[PDB]
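Next up: a single chain in structure tokens, the form deposited in one PDB entry.
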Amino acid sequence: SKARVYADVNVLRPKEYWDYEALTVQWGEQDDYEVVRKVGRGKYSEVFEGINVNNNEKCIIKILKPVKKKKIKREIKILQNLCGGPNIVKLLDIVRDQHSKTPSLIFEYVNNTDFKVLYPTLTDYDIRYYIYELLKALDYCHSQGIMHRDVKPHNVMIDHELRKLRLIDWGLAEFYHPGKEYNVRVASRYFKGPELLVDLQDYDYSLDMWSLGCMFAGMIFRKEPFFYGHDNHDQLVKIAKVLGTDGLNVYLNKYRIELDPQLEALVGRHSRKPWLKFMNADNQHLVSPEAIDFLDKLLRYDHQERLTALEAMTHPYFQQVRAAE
């Protein structure tokens, strides 16, 4: 398996672009940045709204929990590689505590409204608008040789006032190399693509388009997460209970993947639920034949059939959005 697009980005680049351990982090002034209020939490970090005392600009201070040095080098080189491109969170500075030497990563500030709150307020057009903004970030990082590997609504910051969107949390992101076998213990559960769940390790940028699709189905159908699995096996089972098991088996044969019998048994045999069997009175206004057709081209077991981020942006679903732009 290889990526159908952008497969050669990192090979043509000088080795210094993707050799993230070759990076010597140039360090900044911890004082420059003061914690104002707590904004977020997660496994690998705590996140604070901050102030730059030099110039009084708001900022985001992301303080990392004790972390392997190599894993911080990767997140940092990715961010430096991607700073400036469409809808990518801009790294402002990287500072450390002097005594214990724990990193804080300084970002542009976004007056985010949490998705659990913001999403039910969104018009049909806003949904289209924001998926398109995210698609810009995705096509961009994919072109630059990076897979985000953790696309979810929590990782998509949205100032709704300024219609500003930033793809954040590049902690699970990774450079793409052809025939490189990756860890499938990436992404967040409900946004894990069939490939991660079935132990297909030579995956690529397409993984992000599954996650995108999950995130998109949850928005239009108002079922979030759309795929609610309890563990990694109940995730695949929830996918199969919708996408059908017939579609799975051809996919498993294509990449010659056998399932564990514990998995096979839990998965069983299921007919496909048509996408229109998620439309109810509540979400009715966010479904259209185009929303269905676009989503159907995202959520495919086969990562090679999946729309790329650049194809996805030309979908007639986004027509009105491209027209405004």
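Rigid core (definition): largest C-alpha set, two forms, superposition within 1.5 Å. Throughout, we count residues from 1 along the sequence that is shown.
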{"query": "Core-aligned Cα RMS comparison in 8 other deposited structures of this protein - stretch that moves more, 251-259 or 94-102", "finding": "94-102"}
{"query": "Between 36-44 and 288-296, larger RMS Cα displacement in 8 other deposited structures of this protein after core fit", "finding": "36-44"}
{"query": "Given 251-259 and 156-164, the range whose Cα B-factors average higher in the PDB entry", "finding": "251-259"}
{"query": "Mean C-alpha B-factor comparison - 115-123 and 94-102, higher one", "finding": "94-102"}
{"query": "Assigned third (lowest, middle, highest) for the C-alpha B factor of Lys70", "finding": "highest"}
{"query": "Chain third (lowest, middle, highest) by recorded CA B-factor, residue given as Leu23", "finding": "highest"}
{"query": "Assigned third (lowest, middle, highest) for the C-alpha B factor of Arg41", "finding": "highest"}
{"query": "Third of chain Cα B-factors occupied by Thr245", "finding": "highest"}
{"query": "Within-chain third of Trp275 by Cα B-factor, per the entry", "finding": "highest"}
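We do not show the form solved in complex with a partner chain, though everything after this point is about it.
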property: Touches its partner chain in the bound PDB entry: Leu259 (any heavy atom, 4.5 Å); result: no
property: 4.5 angstroms heavy atom contact with its partner chain in the bound PDB entry for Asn112; result: yes
property: In the bound PDB entry, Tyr44 touching its partner chain (heavy atom, 4.5 Å); result: no
property: is_contact(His160, its partner chain) in the bound PDB entry, heavy atom dist at most 4.5 Å; result: yes
property: Non-hydrogen atom within 4.5 Å of its partner chain in the bound PDB entry for each of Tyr33, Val36 and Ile63; result: yes
property: Contact residue in the bound PDB entry, from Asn232, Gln80, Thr102, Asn249 (heavy atom within 4.5 Å of its partner chain); result: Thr102
property: Residue among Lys136, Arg74, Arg189, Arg96 with a heavy atom within 4.5 Å of its partner chain in the bound PDB entry; result: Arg96
property: Region of this chain that lies against its partner chain in the bound PDB entry, out of 236-244, 112-120, 206-214, 170-178 [heavy atom, 4.5 Å]; result: 112-120
